[PDB]
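**Q** turn this into a structure:
(chains A and B)
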Amino acid sequence: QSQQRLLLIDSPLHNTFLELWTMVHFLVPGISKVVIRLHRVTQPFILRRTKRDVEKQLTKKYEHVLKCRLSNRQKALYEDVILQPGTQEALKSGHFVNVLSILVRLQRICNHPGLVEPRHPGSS
Amino acid sequence: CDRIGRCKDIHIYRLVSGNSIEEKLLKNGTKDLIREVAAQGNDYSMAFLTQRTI
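**A** Numbering: from 1, shown residues only, chains lettered A, B, ... in the order given. See the structure here:
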């Protein structure tokens, strides 16, 4: 028992008019170029909008890419890695994808020498 | 990350090592998806090697 009804939907399907007709019927029980006419028929009961409204609508996102050079240890490790038998692997010698991924991972962890090269105390 | 910072002028900082393949991967990271062909011997991305060298 209700005098009014309100429905929320993310987005409906274009084709498969069965669902649209069923929804329109269940909105109110008083009903028994293609896309253009379909939209024209759904004019009296429709209210849709796009995300173009977000422009200047308090939606303020900021991203700043900061460039940072490498340290002497990082330079040394990079030169060592690139200057290794892996050169032939980097030149597509065998298992290209695997060796490329391995080299990418190595260079990735090389962003800090403490990871690949753990500095340890010089006990006596 | 964007969801947790849904509003209030969020500031995102990204640190990338200069003069390294990290910058190349950042600017171009679609290589992983372009090579979605059967794994275990893809052997693609011939011209893309220029990014690894630089």
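
**Q** for chain B, what's the nearest residue on chain A?
**A** Nearest residue of chain A to chain B: residue A:97, at 4.1 Å (Cβ to the nearest Cβ). C-beta coordinates here come from the backbone N, C-alpha and C atoms, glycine included.

**Q** helices of the chain, start to end?
**A** With no chain named, the answer covers chain A. Under the criterion DSSP state H, helices of chain A are mapped to A:17-27, A:34-41, A:72-82, A:86-90, A:96-109, A:113-116.

**Q** that's the wrong chain, I wanted chain B
**A** Applying DSSP H to chain B gives helices spanning B:21-27, B:31-34, B:49-53.

**Q** so the first one, near chain A or not?
**A** Yes: against chain A, helix B:21-27 shows contacts by Cβ under 8 Å from any Cβ of the partner chain at B:21-22, B:25-26.

**Q** residues of chain A that sit close to chain B?
**A** Counting by Cβ under 8 Å from any Cβ, chain A comes close to chain B at A:58, A:60-70, A:74, A:78, A:90-92, A:95-97, A:100, A:103-104, A:107-108, A:111.

**Q** please repeat the previous calculation with a cut-off of 6 Å.
**A** Proximity of chain A to chain B is confined to A:60, A:62-70, A:90, A:96-97, A:107, A:111 under the rule Cβ under 6 Å from any Cβ of the partner chain.

**Q** pull the most distant pair out of those residues.
**A** Spatial extent of those (Cβ to Cβ) is set by the pair A:60 and A:96 at 43.7 Å.

**Q** in terms of neighbours, single out the busier of these two.
**A** Shown here are residue A:60 and residue A:96; by other Cβ atoms under 10 Å in any protein chain shown, residue A:96 has more neighbours (20 against 11).

**Q** excluding its backbone neighbours, what's nearest the more buried one?
**A** Counting by Cβ to Cβ, 6 or more residues apart in numbering or on different chains, residue B:43 is the residue found nearest to residue A:96 once chain neighbours are left out, at 4.8 Å.

**Q** spell out which parts of chain B neighbour chain A.
**A** Near chain A, when you scan chain B using Cβ under 6 Å from any Cβ, you find B:9, B:11-15, B:17-18, B:21, B:42-43, B:52.

**Q** make a PyMOL selection of the buried ones in those residues.
**A** Restricted to buried positions by 16 or more other Cβ atoms under 10 Å in any protein chain shown, the PyMOL selection for the residues of chain B next to chain A reads:
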select buried, chain B and resi 17+21+42+52
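
**Q** show me the residues of chain B next to chain A that map onto strands.
**A** Cross-referencing those against strands under DSSP state E gives B:11-15, B:17.
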